[PDB]
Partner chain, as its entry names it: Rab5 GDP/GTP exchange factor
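Below, in structure tokens: the form deposited without its partner chain, a single chain.
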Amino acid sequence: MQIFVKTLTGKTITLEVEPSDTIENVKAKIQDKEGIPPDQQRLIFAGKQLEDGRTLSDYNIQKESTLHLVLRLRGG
């Protein structure tokens, strides 16, 4: 399925994912696409920062959903 991953600064990308993908797996796809290290990524859905070892299905993330990506880097 496709999801959208959007920053709060208005940048949107699409990703191909499966319900059984972990949030960590999604971070790995974002790193492949955009170069951002997983430790610098925080993914958000339903107002909550998502736990890395849980899956998209665990969070009831549906096709065409938007996840938000927040960056985390010391001094930024």
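Between two forms, the rigid core is the largest collection of C-alphas that superpose within 1.5 Å. Positions refer to the first chain, counted from 1.
Enquirer: Using RMS Cα distance over all structures and residues, flag whichever of 6 to 14 and 49 to 57 lies farther from this form in 6 other deposited structures of this protein after a core fit.
Expert: With the rigid core fitted, 6 to 14 is the stretch that strays more in 6 other deposited structures of this protein.
Enquirer: Going by the average Cα B-factor in the PDB entry, point out whether 29 to 37 or 47 to 55 comes out higher.
Expert: 29 to 37 has the higher mean C-alpha B-factor.
Enquirer: Kindly indicate the residue among 12, 22, 66, 62 with the greatest C-alpha B-factor in the PDB record.
Expert: Across 12, 22, 66, 62, the entry lists the biggest C-alpha B-factor for 62.
Enquirer: For residue 8, does the deposited CA B-factor place it in the lowest, middle or highest third of the chain?
Expert: Answer is middle: the recorded C-alpha B-factor places it there.
Enquirer: Using the B-factors in the PDB entry, rank residue 73's C-alpha atom against the chain and give the third, lowest, middle or highest.
Expert: It belongs to the highest third of the chain when residues are ordered by C-alpha B-factor.
Absent from the display: the form deposited with its partner chain bound. The rest refers to it.
Enquirer: Contact with its partner chain in the bound PDB entry for residue 55, defined as at least one heavy atom pair within 4.5 Å: yes or no?
Expert: Output for residue 55 is yes: heavy atoms within 4.5 Å of its partner chain.
Enquirer: Select from 8 to 23 the residues with a non-hydrogen atom within 4.5 Å of its partner chain in the bound PDB entry and write them out in sequence order.
Expert: Just 20.
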